[PDB]
Amino acid sequence: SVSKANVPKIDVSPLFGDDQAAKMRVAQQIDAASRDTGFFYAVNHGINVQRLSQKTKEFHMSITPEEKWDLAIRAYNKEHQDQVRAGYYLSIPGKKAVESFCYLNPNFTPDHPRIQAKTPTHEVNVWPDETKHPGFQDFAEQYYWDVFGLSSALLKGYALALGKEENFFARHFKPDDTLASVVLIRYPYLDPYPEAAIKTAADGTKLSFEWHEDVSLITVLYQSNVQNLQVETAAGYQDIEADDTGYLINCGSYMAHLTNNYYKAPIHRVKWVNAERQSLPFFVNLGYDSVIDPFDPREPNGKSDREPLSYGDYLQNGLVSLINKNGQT
Ligand SMILES: C=C(S)[C@H](NC(=O)CCC[C@H](N)C(=O)O)C(=O)O[C@@H](C(=O)O)[C@H](C)CO
Ligand SMILES: [Fe+2]
């Protein structure tokens, strides 16, 4: 069998308050988890994940093929050249099982300075018709802000963990310009399940998505209660237990860059499971021009031989590379 990965449950509630000592004790837990498998579950996070799941299910199960084309990103619909990131990512029956809906910062409106400039990675969200999906847009926008708030708190914990002041990351994570995204992923139950939609790892494990590091600062993930994720450790790939009451947290490769691999971006993959389930990541991205000077918390002078990299540069190049490596989702 595959061994269970160590994924501690960390009560992150102190990170919302003003008890600095208590925050330090949470930071230590984040440090330990980040230095070990690179994953932890944030518990006592304050978000109503059951309602998120319910609203997401109502959306996935009621949206029609017509609407999917009308909301599709450019990869599926040549008419929508502005939709690189935001919109619907279609399944391909008999070939590709997964489908999803991505949205960005609700503040990226037509008048936003980065939208006017047509800066890469900024787009205006697309939404289904309100009469067909009543309350969905409002719910989804509010969810963005709810998970932004959790993520800000988590970023205070990571900053303290690394020996910095608590706003070290969060000062670059701002409502007016964050490049963060929500993805509402549907993994279907299918009978029969098309072999073409199943990948096979070198070790023989059936997969829905191959090994990768995340393109993010951190990733803040809600998943249904169906085990599927695996993390590569020195002991090999290990199973990450499901917990549909908590958020699964890990670092992306921007964190690895900034910390000179002190907090690695864990390599992980998604096992194929024939189950109707949800995977709802929030990718914690900074602003387009955000640059944090790389450092090394294992070195006495804290200096690193990595060059500063703007977040916008990192993101545009990472999203493309991901598609090249593991395919268009
Ligand atoms: C490889 C990853 S981390 C997938 N992410 C992407 O494909 C990038 C989406 C970026 C988005 N379109 C944007 O524009 O921001 C992803 O979301 O995987 C989730 C899953 O497959 O369950 C789960 C997180 C498994 O790792
Ligand atoms: Fe991932």
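The residues of the chain are indexed from 1 along the displayed sequence. All ligand and atom numbering here is 1-based and tracks the order in the structure.
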Inset, instruction - With atom 20 (C) of ligand 1 as the reference point, say which of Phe101, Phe209, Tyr187 has the nearest heavy atom. - result: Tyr187
Inset, instruction - Would you confirm whether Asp177, through its side chain, and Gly287, through its main-chain N or O, come within 3.5 Å as a donor-acceptor pair? - result: no
Inset, instruction - Give the atoms of ligand 1, by number and element, whose distance to some non-hydrogen atom of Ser279 is under 4.0 Å. - result: 19 (C), 20 (C), 22 (O), 23 (C)
Inset, instruction - Please state which part of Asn326 comes within less than 4.0 Å of ligand 1, counting heavy atoms only: side chain, backbone, both or neither. - result: neither
Inset, instruction - Measure from the Fe ion (ligand 2) to each N, O or S atom of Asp214 and report whether any distance is below 2.8 Å. - result: yes
Legend entry - Distance flag, aromatic centroids of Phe173 and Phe148, threshold under 6.0 Å: yes
Inset, instruction - Heavy-atom contacts with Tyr89 under 4.0 Å: which atoms of ligand 1 show up? List them by number with element. - result: 12 (N)
Inset, instruction - Measure up the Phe295 and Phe168 rings against each other and bin them: parallel (under 30°), tilted (30 to 60°), perpendicular (over 60°). - result: perpendicular
Inset, instruction - Apply the side chain to side chain donor-acceptor pair (under 3.5 Å) test between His268 and each candidate in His212, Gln238, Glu232; give the one that qualifies. - result: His212
Inset, instruction - Run down the list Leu315, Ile185, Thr329 and name the one with the heavy atom closest to atom 18 (O) of ligand 1. - result: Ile185
Inset, instruction - Kindly check if the number of other-residue, nucleotide or ligand heavy atoms within 6.0 Å of CD (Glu66) is above 12? - result: no
Inset, instruction - Quick one: report the N, O or S atom of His212 that is nearest to the Fe ion (ligand 2). - result: NE2
Legend entry - Aromatic ring pairing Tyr247/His45, orientation class (parallel under 30°, perpendicular over 60°, tilted between): perpendicular
Inset, instruction - Could you list the atoms of ligand 1 found under 4.0 angstrom from a heavy atom of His268? - result: 26 (O)
Legend entry - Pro281: numbered ligand 1 atoms lying under 4.0 Å from its heavy atoms: 17 (O), 24 (C)
Legend entry - Spacing of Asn105 atom CG and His112 atom NE2 [to the nearest 0.5 Å]: 6.5 Å
Inset, instruction - Please determine if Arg298 forms a cation-pi arrangement with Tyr262, meaning its NZ or CZ atom is less than 6.0 Å from the six-membered ring centre and no more than 45° off the ring axis. - result: no
Inset, instruction - Check each atom of ligand 1 against the heavy atoms of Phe283 and keep those under 4.0 Å away; list them by number with element. - result: 3 (S), 5 (N), 9 (C), 17 (O)
Inset, instruction - Could you list which atoms of ligand 1 come closer than 4.0 Å to a heavy atom of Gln223? - result: 22 (O)
Legend entry - ligand 1 contacted by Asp214 (non-hydrogen, < 4.0 Å): yes
Legend entry - Parallel, tilted or perpendicular: ring planes of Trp127 versus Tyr103, cut at 30 and 60 degrees: tilted
Inset, instruction - Please state which part of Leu319 comes within less than 4.0 Å of ligand 1, counting heavy atoms only: side chain, backbone, both or neither. - result: side chain
